[PDB]
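Please note: Cβ atoms are built from the backbone with ideal geometry, for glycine as well, and neighbour counts cover all protein chains shown. What follows draws every value from the coordinates through simple rules; no lab data is involved.
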Ligand SMILES: CCN1CCC2(CC2)[C@@H](Oc2ccc3c(c2)CN([C@H]2CCC(=O)NC2=O)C3=O)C1
Ligand SMILES: [Zn+2]
Ligand SMILES: [Zn+2]
């Protein structure tokens, strides 16, 4: 077929945040990065003033401000995942605000292994060069000494082929990089000087040939001290020529440090963040010697408080810290002079909604209005939540544990959620929870009592997951019941359906027994619950010999996948599950969809297998299959012939049954009829619409909290839009001067093919926001048709979301 | 070549075989038509086509060429699907070939990697170690709709250790270069060294990804735990547990008889339902110290291998059996999965 | 000599015994 994609919710997760002077030399700006979108604020003494929020045809991977010789205000270097590199400047004609691309180019190298620690992009303190570490063994060098409008670069060879982290050093004569690398004999810190004259490296000021085994962060101390702070799992070490000051703060050995921001321009206070929301301050204790020089007396570490799990940190001013988060909400926090009752200098002074990651969702008409709200399993760990999204307004239900699957049971006016809680083995000989939370604090609770299975030298500190079924009220969003599953039992599927001639509507939960020793899951359980007098009771459990990866109601029966078997189940008069038929495949049935009597099966590797339940026979019959190996994360039935899916990397794709029933080999194979680079990582596909020329409505959530709609198009429509897209691409200006077609082109790790059978509604809809002079230019000469009739057509499309 | 090219390649005529990439086939070319081709080949691409018999096969590249008749030695490189077949007058056969696909994939967590976490992915160079390995390489599984242990079942490096550990119950021996480090290479070694029949082999060769192929080989090693007479199919010879390695060599090395016949010979502790033919001998006993007695199926008298019996009384084991891959059929005492 | 199998090395009393063995290889 032909399909149309449109953004219903921009990405909300923050992936990077820099503080500089982009709008004018006298303004403190905060630039924030959310995958495709750039956001530019001004830091007032009252808070954050919005200024401009732009869209890039790329995924922002390097975002850094810098001020080269002969520049009034800072400039912005962005580097995208598809290796697009630009330098941007701000420009406001009194009222008109544009982000002009001063330089651009694709820095990709025809050959080269992508480095494991990923794209690193640094800028020399004297803005002499931009450093790029894209591929193991090489180092690209964009000279800034002159107008490198085209970002002409050169690739210095580098013998250390596993560099962890690398930064330019301060206070040194010739440009110097400082890097942590690993080889057979360990992890080591080395420097080199960058000779542009000679276009290769020369010896460096200093080296240390055995540093902390898991050293990961290199922080370049600024000019006053000079040097670098190496951060690792247990030690925070400082290196400069002959100075070597190393500490092991007990406080930091609870979680791993992943963030740092420099607070004072002289660099004697650094903020540090771990993966559990602890916020640390590292203070460089300085020694003011009489000779005029200064030495580093001591390194101290202080625990300030707890915030959203931080992806990036920047201090702003007046004690306000921005926290960029991807697992939870981003926030402004005020750091006070004294501590609090517990001891947190921190106090949350704002928050910003983040629906990412969207692990599961469902569409539901709570007000019986014919509209439809969307309820999401959002975030992870302490940031976990339900988000309720209506036409958009958002209500967040904090859960303080990870929601994994959600379903609506309309009969009882409640939601079923499968949730996990981390607990940690306790010195009393059990496990302790890390904090109160949904399962912990639910009005009523229950604990499974199965005895279907039988299974002390663990580790005090080892963490354990406790899986629960939550029953949340659809009006108060309160946790009514919390059922705790079996120990060592990992819940996977959730379903709310009435089955057989039974009138009760039930909660069906598919699980799997996991043990650290056994790789493949050899045993599981379909349980049947029913919620009634405020309590969840267990109706029947069918102990299976595998992992129930998916359950779907299948026209009154229950279609379950057990490992590589698609099993069909019926509800008996005696309230138990009987096995109608089995279907044994050569893949694992991770994904299961049904339209009518069709069955869609897929695994993690874009293996697709179309079954069908022959009703008179009461067995399944293979209709078609395709193997185009690649990682697949999600998959959905568009119509009885077309199928939609998300695969690596951040691509969508559609294949259809050979409608051309020609020969056996042909009819039993699915052709690839659509390829599109989305930019998000789809986690769940949900048939539905949030409203009420296009046919269909499939909504999707992603890891970055972006919500999407897909709708199927008409051969005529698709062609017409196709032209629009290109027509527009001439007038709509790219931010890195990036070609819409490059950006949308399907992109694997080792392949890149041009998109097909998809219309970028995001661009299409931009037609209504352009100038009526320009509008006419994009409509020039086609039936030519005026603007005013095309302004109508787009309006219809805006209505789908 | 190119992963999905349509190339033309000459076919060694009488040669007939399943050639696993990275296997070497020794060839002696005497018919004049044949030696001609070898000549051209060796001057050109040095690659001919080994067919499966059947529309599949493998390319074989020559790395040794001695004219005495022409004597050659080729390595298998790429698998293909036959498109056409020119049986030219000469007697040689040209072939339109479609190179089957070796899909190489990134890490499962490559796309879902949290930037902040990217500087911990390098790990510093035992049950506990692999527990931590999974807890750290798949930490970002919480951002998806699947759990960590699922991703381990598709993680090449885990799959490979899983395979090594089993293969070690068959040969307390090496663990280094003993096996390759590239999933693709390792996948192909396992296939040529498992006690499987040619059909199982052909399946692995038709699998498109090294990851899918490791999962398969694991499934073979976990489900086809019984080895039967390929010929009558109604005779279990030996069971997985009884596999061992007599010397460093391995558990099913290739041995040569005085007549150039080669024998992939799986050594096992005990075999059953076999009748012994003749009196033991020692001539060319591949395992010096034991004597050999020919062994065959008690039902169809098809050749299964030999029974080795110790000459001395020192030696352990006193008896063992050698079974030749071509006689055996793996069986499940249920399909194989990708 | 005439009664040993080239392939497995078996030895029969008779050169017919050897042919009925040669089947079991093909
Ligand atoms: C040199 C002695 N003889 C003399 C008679 C003969 C016709 C010329 C050959 O008779 C054999 C043929 C074929 C074979 C053998 C012996 C011995 N043999 C296996 C047995 C298992 C083992 O351990 N090693 C082997 O080489 C054969 O496959 C050679
Ligand atoms: Zn037999
Ligand atoms: Zn024989």
Exposure proxy ranking, count of Cβ atoms within 10 Å, fewest first, for A:513, B:16: B:16, A:513
If I model the stretch A:642-801 as equal point scatterers sitting on the Cα atoms and use the Debye formula, what is log10 I(q)/I(0) at q = 0.12, 0.15, 0.17, 0.20 Å⁻¹? -0.61, -0.94, -1.16, -1.44
Please work out the C-alpha center-to-center distance from the stretch A:299-364 to the stretch A:1-79 and express it in whole Å. 19 Å
Mind checking Rg over Rh on the stretch A:3-352, alpha carbons, Kirkwood formula for Rh? 0.95
Theoretical FRET efficiency, 1/(1+(r/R0)^6), r = Cβ-Cβ of residue A:254 and residue A:423, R0 22 Å, to 0.05: 0.90
Per the rule of 0.36 nm per residue minus the C-alpha distance, extending residue A:293 to residue A:173 adds in nm 41.4 nm
For the stretch A:771-801, list residues with backbone N below 17 Å from a point placed 7 Å from the Cα of residue A:722 toward its Cβ? A:782-783
Per-residue average of Cβ from other chains inside 10 Å of A:631-638: 2
For the stretch A:709-775, what does the alpha-carbon gyration tensor say about shape, rounded, prolate or oblate, given a ≥ b ≥ c as the root eigenvalues, a/c under 1.5 as rounded, and a/b over b/c as prolate? oblate
Packing-based ranking, highest mean first, of A:93-99, A:402-408 given that Cβ atoms within 10 Å are counted: A:402-408, A:93-99
Per the C-alpha gyration tensor (a ≥ b ≥ c, the square roots of its eigenvalues), chain B is rounded if a/c is under 1.5, else prolate if a/b beats b/c, else oblate; here it's oblate
Would you mind getting me the FRET efficiency between residue A:266 and residue A:243? Use the beta-carbon distance for r and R0 = 25 Å, nearest 0.05. 0.90
Over all Cα pairs of the protein assembly as shown, how is the pair count split among 10 Å bins, expressed in % and running from 0 up to the last occupied bin? 2, 8, 15, 20, 19, 16, 11, 6, 2, 1, 0, 0
Between residue A:575 and residue B:206, the two model label points (7 Å from Cα along the beta-carbon direction) sit apart by a distance in nm of 4.9 nm
Can you classify the stretch A:376-522 as rounded, prolate or oblate using the Cα gyration tensor, where a ≥ b ≥ c are the square roots of its eigenvalues, rounded means a/c under 1.5, and otherwise it's prolate if a/b beats b/c and oblate if not? oblate
Would you please report the Å³ per residue occupied by the convex hull of the alpha carbon atoms in the stretch A:512-648? 146 Å³
So if we plug the beta-carbon distance of residue C:6 and residue A:665 into 1/(1 + (r/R0)^6) with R0 = 30 Å, what FRET efficiency do we get, rounded to 0.05? 0.10
Would you mind calculating the gained length between residue A:337 and residue A:95 on full extension (0.36 nm times residue separation, minus the Cα-Cα distance), in nm to one decimal? 83.1 nm
Averaged over peptide B:134-145, how many Cβ atoms belonging to another chain are found within 10 Å of each residue's Cβ? 5
Of the listed peptides C:4-16, A:263-275, what is their order by residue-averaged count of other C-beta atoms within 10 Å, with the highest listed first? A:263-275, C:4-16
The stretch A:102-222: Rg to Rh, with Rh as the Kirkwood radius over Cα pairs: 0.95
What percent antiparallel are the DSSP beta bridges of the protein assembly as shown, to the nearest 5? 95 percent
If each of residue A:445 and residue A:731 carries a label point 7 Å out from its Cα toward its Cβ, how far apart are those two points in nm? 6.2 nm
Average partner chain C-beta neighbours within 10 Å, per residue of B:295-307? 2
In cubic angstrom per residue, the convex hull of the stretch A:1-79 built on its Cα atoms measures 117 Å³
Please list, in order, the residues from the stretch B:30-47 whose amide nitrogen is less than 15 Å from a point placed 7 Å along the Cα→Cβ vector of residue B:5. B:44-47
Set of the stretch A:9-36 residues, backbone N closer than 15 Å to the point 7 Å along the Cα-Cβ line of residue A:317: A:19-31
How large is the Kirkwood hydrodynamic radius of the stretch B:179-219, counting all unique pairs of alpha carbons, in Å? 10.0 Å
